[PDB]
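In listed order, ligands and their atoms are each counted from 1. All heavy atoms count here, side chains included; hydrogens, waters and symmetry mates do not. Along the sequence shown, the residues carry numbers beginning at 1.
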Amino acid sequence: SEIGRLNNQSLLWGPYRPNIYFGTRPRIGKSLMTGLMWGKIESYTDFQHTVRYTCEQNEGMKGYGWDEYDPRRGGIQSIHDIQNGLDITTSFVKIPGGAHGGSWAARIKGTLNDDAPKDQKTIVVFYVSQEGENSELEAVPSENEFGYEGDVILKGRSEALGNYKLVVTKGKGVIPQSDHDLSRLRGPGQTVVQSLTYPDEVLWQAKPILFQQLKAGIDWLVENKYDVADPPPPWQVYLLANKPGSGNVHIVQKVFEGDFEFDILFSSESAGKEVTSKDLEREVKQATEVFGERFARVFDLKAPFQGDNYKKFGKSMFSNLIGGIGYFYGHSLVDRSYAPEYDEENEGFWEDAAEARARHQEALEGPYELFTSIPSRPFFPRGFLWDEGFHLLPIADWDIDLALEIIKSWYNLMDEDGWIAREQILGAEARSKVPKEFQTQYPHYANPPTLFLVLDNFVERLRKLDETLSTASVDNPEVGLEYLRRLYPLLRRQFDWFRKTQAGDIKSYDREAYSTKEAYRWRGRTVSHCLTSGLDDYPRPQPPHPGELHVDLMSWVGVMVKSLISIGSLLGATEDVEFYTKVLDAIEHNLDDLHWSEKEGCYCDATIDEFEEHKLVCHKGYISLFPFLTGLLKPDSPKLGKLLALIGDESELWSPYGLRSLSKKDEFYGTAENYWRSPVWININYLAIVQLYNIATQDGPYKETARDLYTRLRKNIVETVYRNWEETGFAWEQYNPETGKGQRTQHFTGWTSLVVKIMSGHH
Ligand SMILES: CS(=O)(=O)c1cc(NCc2ccc(CN3C[C@H](O)[C@@H](O)[C@H](O)[C@H]3CO)cc2)cc(-c2cccnn2)c1
């Protein structure tokens with residue numbers, strides 16, 4: 001509770017706007033937010049097309065991301081913008097002090113690349129907004145007529161932040177000067193500020209708000225007889241008339257010719273003295289040193305990746321993953337009808353659920369907040385539930401207390417029933433990027449509970465001030481068990497929810513098995529998809545059917561029970577721990593009785609026939625290995641040995657680049673969208689690698705096959721991801737098993753970053 005508050009104060013500020021190139025906000029719903037924009041201007045019409053704000057990936061952008069980041073200290077981002085002929089650095093740094101979550105500073109540096117005209121004009125904007133009823137923010141006017149020769153100071157106050165100043169410094173670089181008539185009314189060229197107000201809920205729409213002000217400037221030109229007989233230069237036509245004041249939006253605009261840089265200094269008044277540029281430089285150099293020392297300790301890359309090339313690779317994958325951390329706030333869109341069609345209980349259920357959806361009873365609810373890492377800045381800058389379990393495995397190593405914060409944040413979303421939506425789209429900003437037909441969440445939709453994996457790691461670590469704070473929840477056992485105590489009931493609630501909502505049907509068919517209880521079927525499947533399982537288009541029983549059972553789902557339930565055993569045991573929930581033991585024992589038996597195929601040598605999902613009998617449906621691939629991947633099989637199990645055969649078999653799963661999602665022998669190989677029907681995916685490869693290492697560092701019959709497989713798979717996965725990074729600068733979503741090429745989306749940090757932990761090893 002004391003450590004909680006120090007943790008709160010430490011993590012309050014950051015560049016928690018991963019959906020944009022660079023911006024800051026604190027972990028507060030309605031507060032002070034900033035964002036960077038820039039774009040070259042060569043003509044009277046180009047700036048609207050060159051300006052950058054929200055993250056994307058296309059031919060115009062070579063690459064971007066964090067070179068180093070720790071959300072407690074700050075870091076350095078590099079942006080390589082081809083369209084704008086610019087290489088940009090954004091350094092962000094936090095300075096603890098006072099009562100309001102400390103201070104921070106950022107340096108924005110732009111260097112023209114070799115291709116750029118040496119006299120390029122670049123428009124740079126720093127956009128500042130503040131939400132809240134009783135808060136103030138004011139631009140201190142300049143001494144000069146038309147703008148600022150020097151720094152722009154914003155004075156503001158709020159309940160959340162107390163008093164603060166935000167300074168945008170004069171910076172360094174040529175500022176262009178205009179000889180035109182207009183300069184007599186608009187100045188020759190200088191930094192300008194517009195202070196505006198809009199209703200709070202639209203402050204986020206920085207691009208349109210800016211353009212509306214640019215447009216009003218141009219309309220003013222037109223009305224005041226500035227025309228094509230004698231036009232002012234483009235960059236002056238797009239320079240806002242200076243009008244500072246008070247409001248909830250403040251636009252600070254600069255134009256530079258050539259290279260440039262400028263600082264942003266946020267000074268929390270309740271702290272000591274105010275933040276300077278010399279402070280920024282010192283704290284930046286200091287963060288880099290701490291970052292370095294920590295990486296070497298936490299991510300000690302083992303053979304054969306100890307080389308410096310692999311270190312830089314590892315730093316990039318890690319920094320981008322942990323650098324994705326966002327704070328999201330607002331309403332989510334949920335169908336709360338619990339239409340009976342969603343029980344999916346007859347044949348052809350998918351058509352019924354389509355009928356219910358077509359009622360559109362979904363409503364906004366909340367608001368909610370979420371502090372989480374994300375799969376990708378340009379495409380998926382929001383919380384995804386099973387993804388986050390993978391994101392936190394490397395993050396927890398770095399800073400267990402951060403990871404627990406993020407777990408707590410997710411768990412705080414769980415409704416009364418035990419449901420967390422698998423995709424968290426919080427507020428209009430988060431919604432803007434996401435197509436309407438994809439926003440609505442459904443309380444019957446599960447997603448893998450991979451967050452338990454992180455919990456498991458915490459538990460084993462538990463059994464055996466930024467320095468201190470990162471590890472306080474393990475160094476103080478008292479704190480640990482207390483965290484577990486408070487979360488334990490939500491864990492159980494989620495357990496029970498799986499069993500009530502994702503229940504399969506044994507009792508109503510000719511189905512025999514050790515337990516009449518244990519059987520699971522993901523709700524929400526369509527003819528070609530099962531989105532809730534995480535493996536979108538992995539082939540399942542055709543047609544889908546209320547009788548289906550899914551071996552991945554049962555294995556996840558297995559993961560959960562096992563975690564509940566350890567956590568219950570740590571808390572002495574004896575009555576609970578005994579029930580869990582009966583479920584574990586029953587899932588073990590039932591995985592065999594309902595899922596094992598002796599004929600095929602692997603696990604399979606099941607349905608019920610045209611003739612109403614249990615049928616196995618075997619599609620050799622990730623799904624086939626689940627009981628192994630999820631840690632459920634004994635190290636001497638013959639079944640495990642056969643899965644090891646399947647895994648290593650080059651003609652089924654084993655490619656030089658990692659395990660294929662689907663066997664080359666399956667009829668569904670490389671068909672359709674071919675998402676999970678052949679490509680190599682790091683998250684599942686990671687689970688294989690960890691399980692091989694387990695069977696490998698224990699006496700048993702398969703110790704040495706596992707040792708060989710472990711060695712080679714670790715090598716193949718790391719090298720594929722590394723080679724692609726070296727060539728393209730990106731982490732990719734998935735990798736082509738025939739060519740080794742990364743494909744689908746880029747900037748996937750993202751569970752692809754698991755590679756840093758594969759390299760570092762020692763599970
Ligand atoms: C044409 S698109 O670029 O594919 C595309 C698609 C969709 N909607 C569906 C979708 C959602 C997430 C994933 C990735 N991935 C698939 C994995 O199978 C799951 O296991 C993972 O949990 C899941 C998360 O990592 C894939 C598909 C949204 C946007 C978008 C959203 C905001 C802003 N701009 N664009 C773009």
Side-chain angles (χ1 to χ4, degrees), residues 17-21 53-58 61 204 207 320-321 324 326 328 330 332-333 370 372-393 410 420-432 434-435 438-442 445-451 453 522 524-526 528-540 550 552-553 556 621-623 626 629 661-662 672-687 730-735 742-754:
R17 305 196 63 191
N19 49 309
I20 61 175
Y21 288 106
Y53 183 52
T54 72
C55 289
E56 315 173 311
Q57 188 45 59
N58 55 51
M61 184 86 27
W204 68 267
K207 216 169 102 212
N320 273 317
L321 167 79
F328 306 88
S332 151
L333 178 67
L370 179 54
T372 182
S373 66
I374 64 176
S376 128
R377 299 177 53 199
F379 301 108
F380 308 114
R382 58 187 166 281
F384 283 74
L385 179 57
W386 89 303
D387 294 58
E388 189 68 15
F390 295 105
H391 299 155
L392 295 175
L393 298 169
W410 271 96
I420 301 166
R422 56 182 277 242
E423 188 172 350
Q424 291 292 162
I425 309 167
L426 303 189
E429 197 187 15
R431 270 190 304 281
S432 64
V434 179
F438 267 113
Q439 301 170 4
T440 301
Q441 305 303 299
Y442 296 89
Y445 284 8
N447 211 43
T450 53
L451 286 163
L453 293 187
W522 302 100
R525 98 155 268 248
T526 64
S528 300
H529 287 91
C530 176
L531 294 191
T532 61
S533 68
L535 291 85
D536 298 19
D537 66 338
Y538 192 100
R540 296 287 193 169
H550 309 301
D552 53 323
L553 181 43
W556 285 122
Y622 294 167
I623 290 294
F626 254 77
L629 300 173
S661 46
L662 197 52
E673 257 161 329
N674 192 33
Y675 207 10
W676 291 82
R677 297 190 164 184
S678 61
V680 171
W681 288 87
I682 309 303
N683 58 328
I684 307 301
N685 277 272
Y686 176 86
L687 295 177
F730 302 118
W732 295 78
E733 196 165 345
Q734 78 176 200
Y735 295 83
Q743 47 178 224
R744 297 297 171 130
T745 59
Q746 308 103 313
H747 297 277
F748 197 75
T749 61
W751 60 50
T752 297
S753 287
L754 281 170

Short list, please: which atoms of ligand 1 are under 4.0 Å from a heavy atom of [X]?
| X | result |
| --- | --- |
| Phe748 | 25 (O) |
| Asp536 | 17 (C), 18 (O), 19 (C) |
| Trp676 | 18 (O) |
| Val434 | 31 (C), 32 (C) |
| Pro375 | 25 (O) |

query: Tell me, do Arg422 and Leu531 make a side-chain contact under 4.5 Å, heavy atoms counted?
result: yes
field: For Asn674, all residues meeting side chain to side chain contact (heavy atoms under 4.5 Å, CB included), sequence neighbours excluded
entry: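 Side chain to side chain contact (heavy atoms under 4.5 Å, CB included) check on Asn674 returns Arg677, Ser678, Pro679.
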task: With sequence neighbours left out, write down each residue that passes side chain to side chain contact (heavy atoms under 4.5 Å, CB included) with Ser533, or none if nothing qualifies.
output: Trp522, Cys530, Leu535, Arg540, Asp552
Donor-acceptor pair, [X] side chain versus [Y] backbone, under 3.5 Å?
| X | Y | value |
| --- | --- | --- |
| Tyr21 | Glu56 | yes |
| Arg377 | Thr749 | no |
| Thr752 | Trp732 | yes |

query: Do you know the tightest heavy-atom contact between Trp676 and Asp536?
result: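 Closest approach of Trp676 to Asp536: CD1-N, 3.3 Å.
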- request: Could you tell me whether the side chains of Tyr53 and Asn19 share a donor-acceptor contact shorter than 3.5 Å?
  value: no
- request: Give a yes-or-no answer on whether the side chains of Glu388 and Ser373 include a donor-acceptor pair shorter than 3.5 Å.
  value: yes
[X] to ligand 1: N or O pair under 3.5 Å?
| X | result |
| --- | --- |
| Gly534 | yes |
| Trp751 | no |
| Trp681 | no |

Test of understanding: given a 4.0 Å heavy-atom threshold, classify the contact between [X] and ligand 1 as side chain, backbone, both, or neither.
| X | result |
| --- | --- |
| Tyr538 | neither |
| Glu423 | neither |
| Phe390 | neither |

- prompt: Looking only at non-hydrogen atoms, which of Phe438, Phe379, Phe380 approaches atom 27 (C) of ligand 1 most closely?
  reply: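 Answer by nearest heavy atom: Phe380.
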- prompt: Do any heavy atoms of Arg422 fall under 4.0 Å from ligand 1?
  reply: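 Flag not set, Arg422 not near ligand 1.
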